[PDB]
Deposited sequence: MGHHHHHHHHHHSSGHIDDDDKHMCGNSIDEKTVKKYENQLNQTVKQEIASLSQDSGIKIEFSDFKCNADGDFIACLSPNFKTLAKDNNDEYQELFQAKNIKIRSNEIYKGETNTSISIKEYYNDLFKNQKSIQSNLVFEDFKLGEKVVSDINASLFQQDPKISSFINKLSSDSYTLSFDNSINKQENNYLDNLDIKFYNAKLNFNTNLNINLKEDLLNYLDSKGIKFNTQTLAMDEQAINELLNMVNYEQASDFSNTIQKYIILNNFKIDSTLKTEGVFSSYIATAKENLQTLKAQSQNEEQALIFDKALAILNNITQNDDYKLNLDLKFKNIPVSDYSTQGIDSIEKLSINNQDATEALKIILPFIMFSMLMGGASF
């Protein structure tokens, strides 16, 4: 039975702390910069274990070369939620390892959302993007301007679950609309040792202010072991799954695009090279089988630390798949050339 687990005093505390962090970050980003931000304090209310926060009428403005402000973007509201709520009033800096153990004892997974409701680009950033791609094909320019003007729901969601001596983190970004839907998902794996190691540097959660705190002396006691954190971060899967209702406007490029793949398929010197394109093709028809263009990517890395990525190489990866096509071997071909070409 779920309800009233968060007393109001606490909810107000988290709110004060959230409004305070952000306000600093506005003022830190902004000053002397010509980036300006409008932002109203959040209002927060308990939603079971989560706390739900809503800030309204938000927008970001960079600086006009002429001295006036240009709107980068806006949102009607921002909502935040998190169930990473430390309920106790104990007011005694606890060890970081305990901080998380306390959370995972009372809930299966700790979880957090930042959402931009009615996220809308600024008329200049659209102008930039229309002057950017100009095909001189009115419909596409109209389609592109319509799409770049249209307003969307942007979302960042993270979740962390305790499995065995391991932690399973799942980051997720979504950008969506009636006309398009772009969603990308990263799946880290994190070894319980990372937690032990952090505690080793005397990192403690201050139940008063709600931030992790470190001993000031550590400063005087500090080369660079941010690398060593890498030993306990394992990547699993990266993914892009998206769709666009094109209103049948690209139909012409996909046509000539196709021709080029077929023309370059003969130009292919070696079979390795042929398959690349056979694949590129496969993938393309599939994507653009109809005005609703669909892209379903899914990368898989074999489970090894991210510190060994220099040593194990491109074989850090294990498998790729785009729209139920397998493009592992083909990346494996292209990536080293790209990697070799691009590095010089």
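Mapping the modelled residues onto the deposited sequence reveals missing stretches at 1-23, 246-252, 375-379.
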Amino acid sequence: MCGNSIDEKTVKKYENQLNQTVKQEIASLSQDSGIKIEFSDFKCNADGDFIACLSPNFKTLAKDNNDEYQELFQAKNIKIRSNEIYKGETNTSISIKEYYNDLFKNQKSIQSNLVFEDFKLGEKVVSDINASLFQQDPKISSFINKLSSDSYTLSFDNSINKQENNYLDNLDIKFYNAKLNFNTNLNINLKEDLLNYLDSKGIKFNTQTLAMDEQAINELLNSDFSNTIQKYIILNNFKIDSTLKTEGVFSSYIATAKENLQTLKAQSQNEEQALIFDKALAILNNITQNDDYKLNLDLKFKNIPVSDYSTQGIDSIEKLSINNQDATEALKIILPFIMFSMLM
From here on, numbers count along this sequence of modelled residues.
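Stretch comparison (223-231 versus 99-107) by mean CA B-factor in the PDB entry places 223-231 on top. In this crystal structure, the stretch out of 267-275 and 116-124 whose C-alpha atoms carry the higher mean B factor is 267-275. Among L244, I160, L147, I217, the highest C-alpha B-factor in the deposited entry belongs to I217. Highest C-alpha temperature factor among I94, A131, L171, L194 per the entry: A131. When all modelled residues of the chain are sorted by CA temperature factor, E84 is found within the lowest third. Sort the modelled residues of the chain by CA B factor and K12 lands in the lowest third.
Ranked within its chain, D292 lands in the middle third, by CA B factor from the PDB record. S200 sits in the middle third of its chain by CA B factor, as recorded in the PDB entry. In this PDB entry, the Cα temperature factor of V22 sits in the bottom third of its chain's modelled residues, the lowest group.
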